[PDB]
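One structure is given here, and the rest of the page talks about it.
Counting convention: from 1, in listed order, for ligands and their atoms alike. So that the names make sense, note that chain A is the first sequence line, chain B the second, and so on, each numbered from 1. Side-chain atoms are counted along with the backbone in the values below, which use heavy atoms only and exclude waters and symmetry mates.
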Amino acid sequence: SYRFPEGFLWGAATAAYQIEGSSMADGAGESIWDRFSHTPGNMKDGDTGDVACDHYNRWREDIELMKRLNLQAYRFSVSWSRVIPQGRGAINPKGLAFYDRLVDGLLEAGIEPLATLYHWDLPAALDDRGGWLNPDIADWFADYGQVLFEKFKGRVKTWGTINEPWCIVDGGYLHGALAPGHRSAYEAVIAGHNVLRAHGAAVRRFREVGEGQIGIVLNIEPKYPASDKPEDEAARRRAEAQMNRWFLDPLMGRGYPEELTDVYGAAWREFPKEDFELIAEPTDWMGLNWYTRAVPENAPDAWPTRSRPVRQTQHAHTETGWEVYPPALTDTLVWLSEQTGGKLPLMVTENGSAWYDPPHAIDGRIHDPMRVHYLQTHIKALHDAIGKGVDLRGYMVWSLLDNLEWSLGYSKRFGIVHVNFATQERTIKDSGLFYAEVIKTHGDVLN
Amino acid sequence: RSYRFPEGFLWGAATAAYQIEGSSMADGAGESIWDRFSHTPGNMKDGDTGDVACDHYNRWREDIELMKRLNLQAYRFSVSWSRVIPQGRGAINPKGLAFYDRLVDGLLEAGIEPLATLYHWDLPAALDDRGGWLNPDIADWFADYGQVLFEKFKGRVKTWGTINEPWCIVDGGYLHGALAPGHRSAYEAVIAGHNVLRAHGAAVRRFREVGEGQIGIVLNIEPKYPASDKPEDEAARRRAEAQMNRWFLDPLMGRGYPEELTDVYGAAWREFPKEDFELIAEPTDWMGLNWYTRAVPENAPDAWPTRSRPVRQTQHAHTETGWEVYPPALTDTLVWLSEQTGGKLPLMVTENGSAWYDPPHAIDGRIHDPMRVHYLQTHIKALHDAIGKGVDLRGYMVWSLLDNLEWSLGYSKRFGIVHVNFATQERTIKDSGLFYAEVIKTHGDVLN
Amino acid sequence: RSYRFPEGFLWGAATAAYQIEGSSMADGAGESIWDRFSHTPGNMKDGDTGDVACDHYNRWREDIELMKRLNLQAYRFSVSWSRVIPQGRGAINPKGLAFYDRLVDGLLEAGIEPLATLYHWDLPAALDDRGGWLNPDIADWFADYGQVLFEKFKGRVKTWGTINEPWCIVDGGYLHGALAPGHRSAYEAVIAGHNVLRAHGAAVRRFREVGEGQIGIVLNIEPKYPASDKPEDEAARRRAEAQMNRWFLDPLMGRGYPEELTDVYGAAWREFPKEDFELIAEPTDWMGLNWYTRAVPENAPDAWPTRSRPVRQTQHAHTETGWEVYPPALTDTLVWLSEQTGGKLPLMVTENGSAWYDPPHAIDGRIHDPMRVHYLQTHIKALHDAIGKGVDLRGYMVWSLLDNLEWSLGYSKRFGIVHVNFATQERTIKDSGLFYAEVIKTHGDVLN
Amino acid sequence: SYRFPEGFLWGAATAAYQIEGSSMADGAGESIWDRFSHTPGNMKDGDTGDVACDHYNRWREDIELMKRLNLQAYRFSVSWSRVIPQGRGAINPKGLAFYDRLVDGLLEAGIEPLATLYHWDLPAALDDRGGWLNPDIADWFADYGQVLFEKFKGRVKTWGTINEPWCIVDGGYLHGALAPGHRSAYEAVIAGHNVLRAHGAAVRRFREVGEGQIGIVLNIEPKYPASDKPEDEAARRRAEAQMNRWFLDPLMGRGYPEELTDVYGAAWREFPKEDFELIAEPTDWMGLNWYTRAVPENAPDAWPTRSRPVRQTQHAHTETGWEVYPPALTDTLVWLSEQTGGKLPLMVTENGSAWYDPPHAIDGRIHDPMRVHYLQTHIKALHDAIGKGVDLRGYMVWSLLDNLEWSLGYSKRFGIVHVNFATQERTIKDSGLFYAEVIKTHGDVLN
Ligand SMILES: OC[C@H]1O[C@@H](O)[C@H](O)[C@@H](O)[C@@H]1O
Ligand SMILES: OC[C@H]1O[C@@H](O)[C@H](O)[C@@H](O)[C@@H]1O
Ligand SMILES: OC[C@H]1O[C@@H](O)[C@H](O)[C@@H](O)[C@@H]1O
Ligand SMILES: OC[C@H]1O[C@@H](O)[C@H](O)[C@@H](O)[C@@H]1O
């Protein structure tokens, strides 16, 4: 049987810059992605988030779609620069009003709104003050958090602080593939620390003025052994430490992983103890974003982890080049349960896959059998995790809509709903239809 | 008998924001609990308010020139919380902060050491509406406020006081209701005292994180002497001593709350979580003593809540506030304090002075206050005596630089070494200020 | 002259939690502001407290049997917020809720309609430490508390009161400090009044979302009659009337705040955001009137803050609380109220009664209170007169079922139609109770 | 600091039947404990007071022991049956001669003799006349008192009348665990009343023929709240009334506690006014016997107070099952000071603890660290009480010797001097050594 526990929450997820469009509309400020996406060479095919899914204007239709998919929850992000154009100071009434209407529309539809404070779109005005390199950001973020905490008190009960610190730092400051496009280990170390601090500050502020549950959202990519060679095991631990333990360990009060000292070398720093007290501020829940695993081997020229993944040719790969391997989800869920002591309620805040779909519907249909396969096998893997005692409270499919996959542009479709970006026409994919059955039957359809 | 003071011993004078500044609603400044309290009938003598006071907000330059004439090496002042952060939390008021920026730059330019106090009784009304010192979150609020100053005046203001006289704040503000916010409750008093201590600790920690220099609290102490050899009177003495002098000092030294408080506050007394005391005992760099007089408590079964009352010591002179003049008790207190802090904590007398009657205007360009002069020389000599007994005393601040608003007692109580004509805002240096200027210049040698 | 009352007209009696229950911190129950207030010396007459009161928490079954002997069709009571939610927010106290569960089931079993009041002056102290009625969040806090009750007693308690007498709460608790929490401030009074109204609105909305039945607020009104033809006396009358009778009623009816308040509170008066008034005017199903007397105000320039004072009406009897006995003013008030509510809102007299001297013990099994009997008969007749004049009046509750704690005036003021011997907790039905029982039985015909 | 007031008297206490032995020797009459202890089932292990500490023969050795301990006072009781064999009538010359020798020996040693008239050993001939149920005992006792008052005039200056009325009545008449082994509430009420009357009569007689100071000795066991349940507070007040206020209140002229009407029900009685005038005869001092506190909860089947103590597992317990909790001593002293108006000089006539000791010394030593701990903490608690204005004039350790703990036999050792009951060998315990140091330094050893 695959019936899920009582109260288990099924939903789907999005992010502001990836779907909203209208980036400068109605008072909204400039974000780092406004700058980044309009700089030549940064984005595939020169794609930008200027229009995206036009969600800012078509959110009502999108909610009708959520209802057709039988969604019980919708996880979304709030654009900081849309709400506070300069990052600090005067609030933008219309910008806040958008999310106000959105949340009311969701509650009317019977859909639980899951809000994320930061999904990679820092206000440019704050980037001009150093962004995540400026320790004061811990306060800025907190204040920003407060604006929402008070505005949606009693309506938004489940809060995420930061979405994937590792992507923000590794993509934004270490390798520069993401906004703000810096490439520096020194900056990567500092930015990671201040992201954690910002999370802690926001949680404290939430304790003072908020109502409900708050937590961080981490992505994890489990690193499997390439061989029994010791240099490869050392490589595996470097990669695992840099990607999976960098943020989790200090969040659990265990400090930074020792291996980071080797990974970042002269760029590594010692931080004040009270910083770690702030960072480990107790949370109510944790989100896991999960897609795949990796099999790292030693790679002396790979900066900075000196490791590289070994291609697992025995399995299918997504268009983002990610191995399809459902058991590794179960394992990860087990592992995380151990790291949090079984004491912290967990939720899969993102899971999904990118495969090729045509740019238009084919007489009113999009047939994506591999996305369907991914969905069913990984959800079964969730059931396996719950059977092993992991406290899993919910599952959010990434993503509700085909959207802007950041620097990879619109070429990577993660949606269970197809978006024709020429016409903004939405078409429910076979995967969405199937997910609607999984929700409807509460998992029994997998039988 | 020589009376030259140690090298580097700092001479100065002290004030507080609401008592001298005026312009309480000016340039974005928020409403404080004293704006409300002073504008409620019956609370203040003669209906006096801090609306104008010494008009210091406008006349600070003149006041600095006066500091120069007095040869002051230090000026101890407080920052109005609501002037800088009108709602207590949130948005900063640029002009309000700019005032203190101007003041500090002006002091440093004059060669005067600025000694800043974060809290001198003027809580933002917006925070009082959220429970004030009864709300534990105030510990955080204060810290944030502290941070704003710590960063703004980093490298300029090196000596920081967190809270000025927790006992006056709580006993006056929450226990008996003679001071803002005018509550009268033992239940509220214990909680308020606890959260005042917590706020101090939080501020010291925040200072360790973001600040530069030395930080400490300022306590008032009124030594309790035996009225008789009767045992109920000694029990009374220890109750009064516990409620006034040990309530805050003991947990600050990591010694927990005085046991006698359980008897003083009875059912209103509470046990608090262990980590609170860890926060409260956060190590400081220095401590300020506010000292004026002693008391001689006797048993008084109907006196709530300490069941004690002072015996009038008619053998000695008394001030306009009714405080006995008795300099040896200063020396004793300093010694006592040195012992309570283990001799390891550098001390400074952050307030000492006396109130006597002065006319409302100068008399041919003069104010003759021989009793204030007497108080001054005898108590400064007492400081020297304390130093000779091994007390690590680093400085002395006269209360006060200016005749000002003595809170609920209004303008009727003059503590200034500089006379203020409140009709014309004209300043006239008193004989006491004059003498003090000579004490500073001779570094104490004038007393010989 | 017949005095038969309308079909379905509901006869009952009323109490309040802190005034009768005792066991105030028992079985998990939290500390309330009255726990603190009553145990501070000087606040209560003879040092009386609500620690024991009528011991109703333990003797509620006996009291129900007493209700049955009086032929009561309804019992109006309040729920102690801190008994049900000890910290005001957060965890529910199962035993505390279980008490009211048993009480309500017992009432329904006896055929007696339970009329429940959410707030009768006993705020949890933990919420007072967060600013109490000065903190806007209380509107939410109250709502959540309301929900707990609405759902627990869904289908059992069909008639709900939100707030009992906003004016006594604010004027007594925040303006003059005669009631808990004992603040004295016009600034605080204005803010507190606004937040009480907001809390009422929030509770009504929450009731619409999760509740079942009819909900409304309970106002006290003291009609102000002319003292003379002097225009300053009429201005005085209008000030007093605005501050006491129109302050809350007008915004509840969507008319905004009385203009005269701008004059009454001066610099303490504030403008509030427009949406607050949308919240305050949330449509209700019924309204309660608490009524005892009238006043005849004259100009009094030194009377803070209404600058008015009542003229003693020596031509009429006065109760032991010093209130004039004048039944026609009840009729007038009801008519007035009917006019202010457009005749559209069902009204109920939720409190009416009188305090006269009774001995502390029964005298051969009896308590003879002919003046209380007189008050009862004349004012009930006045109710009938009011109905004849078109007031949509659905019921009448005698204050009070039991001799109880008259707050700051202690046990010295007996309002009961049932005598309580506070030495022994023995109940004895007074002559007034006997007469009221006959009034209910004959549905008014005894008045013929 | 812990220096005690000048003239503060340090000593130790015993009781006749618990240490003397030779109970019917040298003309001595039969006491109720002679009968009770020789009836099967009454005493643990069948222990009796036939030998005990053989003090009747070894008192000189015991005085040398007092001197080694630096005792300034020795509190002891006189066996009524040893002095007046039939309780009334002829005096027994030898029996009185023993206490004469003892008192002279003590005064010779510089030790202040503190004499107790009655310590639970009523003459059997008087028990056959109804004992404490016969009102005439008030007179009998007076006569007995007179015999001592006149014999030791000028030598014994501090007199106790009755030792612990509550134990006598509750143990002897209510529950029957002590001699004379009655179990009756009716009898308990009557006996309590006549004990109080006997005290008064003895005080009057002392006024007529005696010299010095006279007073009663009460045991108090302060009752603390078990919960916020009202039935438990009613329980607390019942227990408090029956144990702590039953005797103190009429002694202070306040009549009997109202709660007794509830406790004893139909067995409760109203007594003549003049009885209460006799009972309240002004005294010169009062003794407090103190050991522990109790935390009573409601217990409907517990006769007659319908209360029972709740085990306080957070604290140490003695071998008698008594919680170790020194602050309750301080509180009690204050309470007593208040009940007596602060005008009546108080003395702790008994305080101590029972812990396991081996039956023989090792090596010529007894290491009793918990008894030492009890000693230091409770003496410190006395100091705390003095600091709060309580007029406390002295402290007597129970007990000088390991002895017969009545019905619990010799299994409960209270001595600061160990007694090997096989050999009558005395060994001063570590507690005795420490106490000797406390006396010598007048408290300075505590700091
Ligand atoms: O890369 C695919 C997805 O990865 C997730 O971890 C990020 O949160 C999304 O913003 C992104 O679209
Ligand atoms: O109350 C008398 C004076 O002494 C101290 O308590 C305060 O610091 C002064 O501001 C106050 O005016
Ligand atoms: O002031 C007398 C009475 O006023 C009423 O309106 C309140 O509801 C009662 O609690 C109070 O006893
Ligand atoms: O129970 C231990 C001790 O208790 C005391 O109160 C009695 O007076 C002693 O005789 C007894 O040995």
For a quick check under 3.5 Å, do B/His120 and B/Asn164 share a side-chain donor-acceptor pair by atom type?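 Checked: B/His120/B/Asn164 side chains pair up, N/O donor to acceptor below 3.5 Å.
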
Starting from [atom], locate the nearest protein heavy atom and write down its residue, its atom name and how far away it is, to 0.1 Å.
atom                   : answer
atom 9 (C) of ligand 2 : B/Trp399 CZ2, 3.5 Å
atom 1 (O) of ligand 1 : A/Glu405 OE2, 2.5 Å
atom 7 (C) of ligand 2 : B/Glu351 OE1, 3.3 Å

Side chain or backbone, does [X] bring an N or O within less than 3.5 Å of an N or O on ligand 3?
X        : answer
C/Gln19  : yes
C/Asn404 : no
C/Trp121 : no

Taking only heavy atoms of A/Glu164 into account, list the atoms of ligand 1 that are under 4.0 Å away from them.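 Near A/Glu164, meaning under 4.0 Å from one of its heavy atoms, ligand 1 has 5 (C), 6 (O), 7 (C), 8 (O).
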
Atoms of ligand 1, numbered as shown, that sit under 4.0 Å from any heavy atom of A/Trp406: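 That gives atoms 9 (C), 10 (O), 11 (C), 12 (O) of ligand 1.
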
Applying a strict 4.0 Å limit to heavy atoms, is B/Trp323 in contact with ligand 2?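 Checking ligand 2 against B/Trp323, which is what was asked, there is a heavy-atom contact under 4.0 Å.
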
Close approach of B/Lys413 to ligand 2, heavy atoms, under 4.0 angstrom: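 It does not; every heavy atom stays at 4.0 Å or beyond.
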
Proximity of C/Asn164 to ligand 3 by residue part, where a heavy atom lies under 4.0 Å: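 Contact part for C/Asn164 vs ligand 3: side chain (C-beta onward).
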
Where does the angle between the aromatic ring planes of C/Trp323 and C/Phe415 fall among parallel (under 30°), tilted (30 to 60°) and perpendicular (over 60°)?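 C/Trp323 vs C/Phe415 ring planes: tilted.
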
Under the criterion side chain to side chain donor-acceptor pair (under 3.5 Å), which of C/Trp399, C/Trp291, C/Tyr292 is the partner of C/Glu351?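 Considering C/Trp399, C/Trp291, C/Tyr292, a side chain to side chain donor-acceptor pair (under 3.5 Å) with C/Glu351 is found only for C/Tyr292.
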
Heavy atom to atom 4 (O) of ligand 2, shortest distance: which of B/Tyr18, B/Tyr292, B/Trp167 holds it?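 Heavy atom nearest to atom 4 (O) of ligand 2 belongs to B/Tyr292.
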
Mark the output for C/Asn220 as yes if a heavy-atom distance to ligand 3 is under 4.0 Å, and as no if none is.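 Not so, C/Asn220 does not reach ligand 3.
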
